[PDB]
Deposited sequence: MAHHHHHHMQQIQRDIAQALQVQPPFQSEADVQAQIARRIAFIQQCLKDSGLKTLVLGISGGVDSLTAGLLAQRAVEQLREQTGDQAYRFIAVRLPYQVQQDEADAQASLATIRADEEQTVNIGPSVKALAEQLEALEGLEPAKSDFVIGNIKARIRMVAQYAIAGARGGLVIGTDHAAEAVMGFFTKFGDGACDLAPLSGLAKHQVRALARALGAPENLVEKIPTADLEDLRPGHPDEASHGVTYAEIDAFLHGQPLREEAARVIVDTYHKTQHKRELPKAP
């Protein structure tokens, strides 16, 4: 009884997230790259816009989305002859050594048409200073609230560049991130198009490898991504992990919906 219902729950979650079936062949992998590149191009055409904007953090998700974006605009320039098609990669520096090294290495992999650097530090600090509600907060809560300010001002910076340059903002959400609600609402969850949607984490890595990323970048709630992916694909995993994934999914549903309305 319990098993049958948990099975139905897993299947309904995978359908809601449009989970991509596991890749069975190279044909599958190449088809997904082609589809997502075509999706990116179709978003530009439908919007009548020419520019793509994406923060490059150094992580594999933005590396993969960045590679798809750069290939998409290269193809559009070739086919249309319109040199205004451009991908703008955005560096949003912080103070994690490995991240910044990974970010530079990521940029070197993408070879984006254009790179811009936005230090959000001054803006985050200047907002913080005006929020009396931050005064007296316990340190763990303060760091969390300030962390989400940072994530949201990174969104604001990308949208400002897109507005300046007539662009769409790319987000890096995929099914392994989405099922756990592992993003800031109206921060990195906020974009115009999410070309990695539905992918399991190992599928994101598979695309990055097929797109030419170096191996060190490809492999760069108490639950692992291997567990999350097994859950998404309906494969065996520890019952306790399935429980945490389902409970987390339910708690975070509001992050995957529009604002509530009566």
| property | result |
| --- | --- |
| Ranges of the deposited sequence (numbered from 1) for which no C-alpha atom is modelled | 1 to 3, 224 to 241 |
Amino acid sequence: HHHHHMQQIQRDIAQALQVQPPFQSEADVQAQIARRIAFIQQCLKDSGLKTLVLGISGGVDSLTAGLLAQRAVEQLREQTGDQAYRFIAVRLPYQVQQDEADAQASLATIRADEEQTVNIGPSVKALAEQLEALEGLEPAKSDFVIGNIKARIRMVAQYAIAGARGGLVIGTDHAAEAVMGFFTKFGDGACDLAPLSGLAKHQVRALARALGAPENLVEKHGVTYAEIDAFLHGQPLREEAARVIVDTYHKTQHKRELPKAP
From here on, numbers count along this sequence of modelled residues.
{"item": "Stretch with the higher entry mean CA B-factor, where the candidates are 24 to 32 and 55 to 63", "value": "24 to 32"}
{"item": "Comparing 15 to 23 with 240 to 248, the one whose average Cα B-factor in the PDB entry is higher", "value": "15 to 23"}
{"item": "Options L199, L232, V223, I40 - largest CA temperature factor per the record", "value": "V223"}
{"item": "Residue, from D188, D143, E177, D102, that the PDB entry assigns the highest Cα B-factor", "value": "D102"}
{"item": "Position of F87 among the chain's modelled residues by C-alpha B-factor, lowest, middle or highest third", "value": "lowest"}
{"item": "Assigned third (lowest, middle, highest) for the C-alpha B factor of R111", "value": "highest"}
{"item": "Modelled-residue ranking by C-alpha temperature factor, third containing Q75", "value": "middle"}
{"item": "Chain thirds of CA B-factor: placement of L193", "value": "lowest"}
{"item": "Relative C-alpha B-factor of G136, binned into the chain's lowest, middle or highest third", "value": "highest"}
